[PDB]
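Trainee: Protein chains in written order, with the authors' numbering: chain A, 37 to 194; chain B, 35 to 194. Think of the CB as a built atom: it goes at the ideal place given N, C-alpha and C, for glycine as much as any other residue. Before I ask anything, here is the structure I am working with.
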Amino acid sequence: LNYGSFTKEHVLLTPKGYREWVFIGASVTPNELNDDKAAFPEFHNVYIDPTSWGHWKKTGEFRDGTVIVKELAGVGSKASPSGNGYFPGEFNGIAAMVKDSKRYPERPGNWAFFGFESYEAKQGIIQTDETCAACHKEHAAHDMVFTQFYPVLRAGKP
Amino acid sequence: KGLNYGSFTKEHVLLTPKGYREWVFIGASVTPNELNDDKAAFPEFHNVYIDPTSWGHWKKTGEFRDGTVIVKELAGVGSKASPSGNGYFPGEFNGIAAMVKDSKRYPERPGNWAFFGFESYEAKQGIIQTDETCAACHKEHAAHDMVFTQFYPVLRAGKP
Ligand code: HEC
Ligand code: HEC
């Protein structure tokens with residue numbers, strides 16, 4: 037069962053329930069370490085849809101129909117009873133990518149990258165390749181996904 | 035109703051949980067060794083999960099039910115710079131800690147929570163901790179029922 041919902045023009049409707057998908061890793065790019073303006077502020081919590089997680093465990097590959105959501109959250113504090121560091125605050129928005137060789141035959145890896153203006157937007161905005169795909173293609177460890185930062189994926193593959 | 039998550043010995047000790055990466059993630063924080071005198075208490079990234087049945091009850095009530103299992107998975111800092119910018123990026127898994135709320139198994143523990151450490155991922159079972167080792171700090175500073183929900187935006191957004 038596919039977890040994306042799409043328009044006739046193959047655009048990703050804003051995913052619902054992705055926090056109940058399979059978490060694959062979190063990173064943090066604080067504003068204060070990125071000239072007071074991180075590209076994706078600031079914590080990133082990343083999810084893969086459950087069907088594609090199942091296929092990943094079987095094959096170590098992203099199936100046609102894979103949806104990955106990167107959820108952004110602010111840095112809420114830098115010190116807690118557990119020590120110094122970064123601790124999350126409030127949610128900021130999402131980014132997403134969808135793999136589909138039928139809908140996206142001309143895109144690298146058959147991935148479409150979606151930006152979201154806000155959580156109330158009805159749909160994502162598909163991006164031209166220089167804005168997202170170029171960086172992922174140049175630097176991601178596996179099939180345009182930064183699996184070097186997803187220890188769940190690396191431990192879960194066969 | 036949902037399944038009960040976690041498995042327990044006859045002495046009510048949590049057996050080392052399996053499949054928790056398919057539970058509901060509730061938030062991640064990072065205490066890097068380099069910001070904690072080269073030795074964070076829990077090195078270093080923490081990815082936290084609540085079992086799915088207790089997540090369902092949380093969405094309905096904003097409370098942790100009897101049978102709640104929360105797992106905090108530790109991972110290293112793998113790096114501090116990537117194409118997305120400077121910060122902290124995870125490395126390899128380090129270990130787990132857990133807490134279980136159960137008024138029947140742990141009637142005399144603060145909040146009916148049992149705190150478990152794990153010697154390694156290969157250990158058969160956790161080691162239940164004394165109150166001063168874990169519960170004291172959680173009770174003193176956690177925002178809700180001994181859980182640090184100030185750092186779990188998924189929980190705060192999911193409660194009614
Ligand atoms: C995180 C991301 C994800 C998660 C899947 C993944 O491959 O990591 C999505 C869906 C996404 N981005 Fe990309 N991005 C970059 C890196 C290094 C990471 C992982 C580490 C971290 O969380 O900080 C990402 C890198 C880059 C990049 C390098 C210069 C660019 C220009 C972009 N990303 C751009 C975009 C998008 C353009 C709008 C977009 C929709 C993204 N990323 C989606
Ligand atoms: C994270 C933790 C979790 C996850 C649930 C939670 O309430 O956040 C577990 C299951 C657990 N710890 Fe505790 N802990 C502290 C803090 C602030 C955080 C959240 C922020 C972060 O991830 O860094 C925790 C704090 C403290 C603490 C304060 C001085 C003490 C001494 C301990 N924790 C101790 C313990 C454990 C004793 C061995 C134990 C099993 C823990 N924590 C479990």
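Specify whether the region 50-70 of chain A and the region 100-109 of chain A touch according to this definition: at least 3 beta carbon pairs, one from each stretch, less than 8 Å apart.
Mentor: yes
Trainee: Just checking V82 of chain A against ligand 1 - is the residue's beta carbon closer than 6 Å to any of the ligand's heavy atoms?
Mentor: Translated into the one-based positions of the first sequence, residue 82 of chain A becomes position 46. Checking every heavy atom of ligand 1 against the Cβ of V82 of chain A, one is found closer than 6 Å.
Trainee: Taking the continuous alpha helix (DSSP H) assigned at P86 of chain B, which residues delimit it?
Mentor: Counting from 1 along the second sequence, the entry for residue 86 of chain B is found at position 52. Element bounds for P86 of chain B: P86 to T95.
Trainee: Using the beta-carbon of each residue, which ones in chain A are nearer than 8 Å to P51 of chain B?
Mentor: In the second sequence, residue 51 of chain B corresponds to position 17, counting from 1. By Cβ distance, chain A contributes nothing, its closest Cβ being about 15 Å from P51 of chain B, past 8 Å.
Trainee: Consider the C-beta atom of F185 of chain B and the heavy atoms of ligand 4; say whether any pair is separated by less than 6 Å.
Mentor: Questions concerning ligand 4 fall outside what the structure shown contains, since the ligands it does hold are ligand 1 and ligand 2.
Trainee: With a cut-off of 7 Å, does the C-beta of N38 of chain A fall near any C-beta of chain B?
Mentor: In the first sequence, the residue the question calls residue 38 of chain A occupies position 2. So no, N38 of chain A is outside the interface.
Trainee: Would you kindly work out how many angstroms separate the C-alpha atoms of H46 of chain A and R139 of chain A, rounded to a whole number?
Mentor: As a working mapping, residue 46 of chain A is identified with position 10 in the first sequence. As a working mapping, residue 139 of chain A is identified with position 103 in the first sequence. When the Cα atoms are used, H46 of chain A and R139 of chain A turn out to be separated by approximately 6 Å.
Trainee: Should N81 of chain B be labelled buried (16 or more other beta-carbon atoms within 10 Å of its own) or exposed?
Mentor: Position 47 of the second sequence holds residue 81 of chain B. The residue in question, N81 of chain B, is buried, as its Cβ has 16 or more Cβ neighbours within 10 Å.
Trainee: Check each residue of the region 56-73 of chain B: if its Cβ is closer than 7 Å to any Cβ of chain A, include it; give the result in chain order.
Mentor: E56, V58, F59, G61, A62, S63, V64, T65, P66, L69 and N70
Trainee: Find the residues of chain A that neighbour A131 of chain B, judging by a C-beta separation of less than 7 Å, and give them in chain order.
Mentor: Translated into the one-based positions of the second sequence, residue 131 of chain B becomes position 97. Within 7 Å Cβ-Cβ: nothing; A131 of chain B doesn't reach chain A, min ~11 Å.
Trainee: For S88 of chain B versus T102 of chain B, is the C-beta spacing smaller than 7 Å?
Mentor: The residue given as residue 88 of chain B occupies position 54 in the second sequence. The residue given as residue 102 of chain B occupies position 68 in the second sequence. Yes, Cβ-Cβ distance for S88 of chain B and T102 of chain B is below 7 Å.
Trainee: Which same chain residues, not among the five before or five after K173 of chain B, have their C-beta less than 8 Å away from its C-beta?
Mentor: Looking up residue 173 of chain B in the second sequence gives position 139. Same-chain partners within the cutoff: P144, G145 and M180.
Trainee: Contact defined as beta carbons within less than 8 Å: I believe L37 of chain B pairs with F150 of chain B. What is the distance between those atoms, to the nearest angstrom?
Mentor: Stepping through the second sequence from its first residue, residue 37 of chain B is reached at position 3. Stepping through the second sequence from its first residue, residue 150 of chain B is reached at position 116. Not really, about 20 Å apart at Cβ, beyond 8 Å.
Trainee: With contact counted as at least three CB pairs below 8 Å, one residue from each stretch, are the region 186-194 of chain A and the region 93-100 of chain A in contact?
Mentor: yes
Trainee: Quick check: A148 of chain A and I162 of chain A, are their CB atoms within less than 7 Å of each other?
Mentor: For the purposes of this step, residue 148 of chain A is taken as residue 112 along the first sequence, with counting starting at 1. For the purposes of this step, residue 162 of chain A is taken as residue 126 along the first sequence, with counting starting at 1. Cβ atoms of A148 of chain A and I162 of chain A: closer than 7 Å.
Trainee: For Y83 of chain A, write down the residues that DSSP places opposite it in a beta bridge.
Mentor: As a position in the first sequence, residue 83 of chain A is number 47, starting the count at 1. According to DSSP, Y83 of chain A bridges with A:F59 and A:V105.
Trainee: Which residues bound the alpha helix (DSSP H) around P187 of chain B?
Mentor: The count along the second sequence starts at 1 and reaches residue 187 of chain B at position 153. That run of the alpha helix (DSSP H) goes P187 to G192.
Trainee: Would a C-beta distance cut-off of 7 Å place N128 of chain B and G119 of chain A closer than the cut-off?
Mentor: For the purposes of this step, residue 128 of chain B is taken as the residue at position 94 of the second sequence. For the purposes of this step, residue 119 of chain A is taken as the residue at position 83 of the first sequence. No, Cβ-Cβ distance for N128 of chain B and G119 of chain A is not below 7 Å.
Trainee: Does the beta-carbon of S63 of chain B have 16 or more other beta-carbons within 10 angstroms, so that it is buried, or is it exposed?
Mentor: Residue numbering aside, residue 63 of chain B sits at position 29 when the second sequence is read from its first letter. It is buried - the Cβ of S63 of chain B has at least 16 other Cβ atoms within 10 Å.
Trainee: Residues in the same chain with beta-carbon distance under 6 Å from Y186 of chain B, minus the five sequence neighbours each way, listed in chain order, please.
Mentor: Within the second sequence, numbered from 1, the residue matching residue 186 of chain B stands at position 152. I60 and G61.
Trainee: Counting only Cβ pairs nearer than 7 Å, list the residues of chain A close to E126 of chain B.
Mentor: Translated into the one-based positions of the second sequence, residue 126 of chain B becomes position 92. What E126 of chain B touches in chain A: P187.
Trainee: Would you say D100 of chain B and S137 of chain B are within 7 Å of each other, going by their C-beta atoms?
Mentor: Here the question's residue 100 of chain B lines up with position 66 in the second sequence. Here the question's residue 137 of chain B lines up with position 103 in the second sequence. Yes, the Cβ-Cβ distance between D100 of chain B and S137 of chain B is below 7 Å.
Trainee: For the alpha helix (DSSP H) containing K173 of chain B, name the first residue and the last one.
Mentor: Taking the first residue of the second sequence as position 1, residue 173 of chain B is located at position 139. First-last of the alpha helix (DSSP H) with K173 of chain B: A169 to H175.
Trainee: Against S118 of chain A, what residues of chain B qualify as contacts under a CB-to-CB distance less than 7 Å, listed in chain order?
Mentor: Mapped onto the first sequence, residue 118 of chain A falls at position 82. Ordered by position in chain B, the residues that pass the 7 Å Cβ test against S118 of chain A are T65, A75 and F76.
Trainee: Suppose the cutoff is 6 Å on Cβ atoms and the five residues either side in sequence are ignored; what does the same chain contact list for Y83 of chain A look like?
Mentor: As a first step, residue 83 of chain A must be located in the first sequence, where it is residue number 47. Excluding positions up to five away in sequence, the list reads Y54, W57, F59 and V105.
Trainee: Does the beta carbon of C171 of chain B come closer than 7 Å to any beta carbon on chain A?
Mentor: For the purposes of this step, residue 171 of chain B is identified with residue 137 of the second sequence, where counting begins at 1. So yes, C171 of chain B belongs to the interface.
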